[PDB]
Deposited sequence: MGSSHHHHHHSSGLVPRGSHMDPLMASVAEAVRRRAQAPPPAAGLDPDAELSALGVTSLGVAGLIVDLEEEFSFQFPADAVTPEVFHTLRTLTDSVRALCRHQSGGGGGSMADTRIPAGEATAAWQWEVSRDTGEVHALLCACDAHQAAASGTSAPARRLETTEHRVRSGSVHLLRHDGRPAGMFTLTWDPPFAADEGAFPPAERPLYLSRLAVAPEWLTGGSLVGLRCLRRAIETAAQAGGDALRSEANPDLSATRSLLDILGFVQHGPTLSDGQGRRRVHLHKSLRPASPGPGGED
């Protein structure tokens, strides 16, 4: 095979669940959302480049051909193929990021995602304060991804810790930022939409552009899919797993930046 495409094909078969055609769809190979996350981390390690959040789309990860072409383009740019790096068409442009200004919209999205993931994991949905949503939205901390006008995913990014955590729960850092309320609309939680992966990468990029040297988070490890996602993208757990008298748990995660 062609060398770059051969490397990409090996990376893909690592994250597949089936026994290679350049025009084969990754989804048909059984590559899931977590699969794509591991694929991105492998390729970034192998070829010493960084995947942009807006390249985390089912269009880039459609087939082995599209993925290989995107890898080639991204590698070239981070050192001509601008036609590939800038994808033409209305489907790409249907996805738009904003700093949210609509409290009710944010709170409805958060609660829908919470309830869905609680049903899927067998855990209690967290209690969300509308006053917290109001404070976050007025602060400019909520970043929301729309598709065709309808909210799809979001994250909250603050200088203040949005959760209690002792000293030493995290490695030291000069300007840490905090991630909370990462949420995806139920319709995109099919396990292959990549919306959550895209929002998480966007939070990493935004925190890095803000001058942060660390991104801190509190995660429920019993939401095992998101826990794995955080782990694949390099969030390291510092200190032991906290747990209540009724078995509900939380862990503190730290990811280095810039």
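Unmodelled regions (deposited sequence positions with no C-alpha coordinates, counted from 1) are 1 to 20, 40 to 44, 105 to 109, 289 to 298.
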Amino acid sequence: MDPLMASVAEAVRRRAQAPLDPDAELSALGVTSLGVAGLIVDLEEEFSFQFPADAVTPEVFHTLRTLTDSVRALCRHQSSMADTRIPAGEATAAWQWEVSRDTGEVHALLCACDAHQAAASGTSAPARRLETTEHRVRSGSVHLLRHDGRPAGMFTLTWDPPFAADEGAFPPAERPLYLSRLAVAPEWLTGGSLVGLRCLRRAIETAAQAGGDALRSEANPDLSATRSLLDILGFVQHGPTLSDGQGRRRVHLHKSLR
From here on, numbers count along this sequence of modelled residues.
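The mean C-alpha temperature factor is higher for 164 to 172 when 164 to 172 and 177 to 185 are set side by side. For the pair 154 to 162 and 80 to 88, the record assigns the higher mean C-alpha temperature factor to 80 to 88.
When the modelled residues of the chain are ordered by C-alpha B-factor, residue 27 sits in the highest third. In the PDB entry, residue 44 places in the middle third of its chain by CA B-factor. In the PDB entry, a CA B factor belonging to the lowest third of its chain's modelled residues is recorded for residue 255. Per-chain ranking of the deposited C-alpha B factor places residue 209 in the highest third. Looking at the C-alpha B-factors along this chain, the one for residue 58 belongs to the highest third.
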